[PDB]
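**Student:** Structure in structure tokens, see below.
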Amino acid sequence: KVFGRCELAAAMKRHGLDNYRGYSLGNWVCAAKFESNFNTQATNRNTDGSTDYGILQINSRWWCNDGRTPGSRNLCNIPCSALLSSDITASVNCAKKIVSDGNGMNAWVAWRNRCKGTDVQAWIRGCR
Ligand SMILES: [Cl-]
Ligand SMILES: [Cl-]
Ligand SMILES: [Cl-]
Ligand SMILES: [Cl-]
Ligand SMILES: [Cl-]
Ligand SMILES: [Cl-]
Ligand SMILES: [Cl-]
Ligand SMILES: [Cl-]
């Protein structure tokens, strides 16, 4: 599923992600835009052989199991395919774990490089 901007803001809020760990909703929408272009089915292989899955590009090196990332953990206790569903619940639950891990949203290097410090409220501007 490819979400629209306000549609994804509303789904993130309904799953408790707004102001989670202090990160306003615009930060989470901005991160999703640049990680996946709002596409739940996005996947991207990393040079190390892990893969990033779903609308927040959760990495199989730590967070989910895809059966092909040797030496990697599954700290969200979830198959990485669960992170590609139209329903964003599994991605949001796993994002809550990640953002609690010590470095906040810096875990998402697109957030750090493209969202951090910017006017992230523009991402929710106009949304009901
Ligand atoms: Cl957009
Ligand atoms: Cl915001
Ligand atoms: Cl992989
Ligand atoms: Cl997803
Ligand atoms: Cl694996
Ligand atoms: Cl392994
Ligand atoms: Cl959803
Ligand atoms: Cl980047």
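In the authors' numbering, the protein residues as written are 1 to 128. Beta carbons: idealized from backbone N, C-alpha and C, even for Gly.
1. In angstroms, rounded to a whole number, what distance separates the CA positions of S24 and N106?
2. Would you kindly work out how many angstroms separate the C-alpha atoms of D101 and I58, rounded to a whole number?
3. How about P79 and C94: are their beta carbons less than 8 angstroms apart?
4. Do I124 and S91 come within 8 angstroms of each other at the CB atom, strictly closer than that value?
5. Confirm the yes/no value for this check: CB of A110, any heavy atom of ligand 8, distance under 7 angstroms.
6. Please say whether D52 and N39 have beta carbons closer to each other than 8 angstroms?
7. Between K13, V109, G126 and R5, which lies nearest to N46 when the distance is taken from Cα to Cα?
8. Can you grab the Cα-Cα spacing for the pair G16 / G49, in whole Å?
9. How would you write the range of the beta strand (DSSP E) that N44 sits in, first residue to last?
10. Mind pulling the beta strand (DSSP E) runs of 3 or more residues that sit fully within the region 27-101?
11. What does the shell around ligand 5 hold, if a residue joins when its beta-carbon is under 7 angstroms from any heavy atom?
12. I'd like to check one pair, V120 with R21: are the Cβ atoms closer than 8 angstroms?
13. Quick one, which of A9, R14 and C30 has its alpha-carbon nearest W111's?
**Tutor:** In short:
1. 14 angstroms
2. 13 angstroms
3. no
4. no
5. yes
6. no
7. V109
8. 32 angstroms
9. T43 to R45
10. 43-45 and 51-53
11. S60, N65, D66, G67, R68, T69, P70 and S72
12. no
13. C30
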